[PDB]
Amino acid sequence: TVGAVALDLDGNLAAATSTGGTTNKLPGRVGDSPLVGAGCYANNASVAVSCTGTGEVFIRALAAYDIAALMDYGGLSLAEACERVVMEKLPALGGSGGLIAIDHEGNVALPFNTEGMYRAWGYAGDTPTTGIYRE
């Protein structure tokens, strides 16, 4: 899986996700990446999210939309919403992976509960950060 989320100069949020799926899946298996609210979600009022990992659990948990709902209805910050979904609820259902998220205030979060997540981010006109491992 790969993904991108962005906040532009006009205050618009967007998200995109693409994948091959999981090695040795049954032909016809669909994971979270093409399901709105599971692997991909964007809403200017809340957040843009793209997920990666054990797709089945991201579908059952509606991981991407849950970030948005925990912020919108629960009043959680991006950091709290990401902690709650990736570090508590996904692992409780046997899920592993992570996600990238930007809220409407331009906060960014790259939570993952795995050993690694190939990732990068940067504000417009600034130095990007790249990551593979934790921290």
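Start at 1 with the first residue shown and count on from there.
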| property | result |
| --- | --- |
| Between the two ranges 32 to 40 and 81 to 89, the one averaging a larger CA B factor in the entry | 81 to 89 |
| Mean C-alpha temperature factor, higher of 1 to 9 and 125 to 133 | 125 to 133 |
| Residue of maximum C-alpha B factor among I59, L99, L26, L76, per deposited coordinates | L76 |
| Among modelled residues of the same chain, the CA temperature factor third for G106 | highest |
| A45 CA temperature factor, ranked by third within the chain | highest |
| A68 - Cα temperature factor, lowest/middle/highest third of chain | middle |
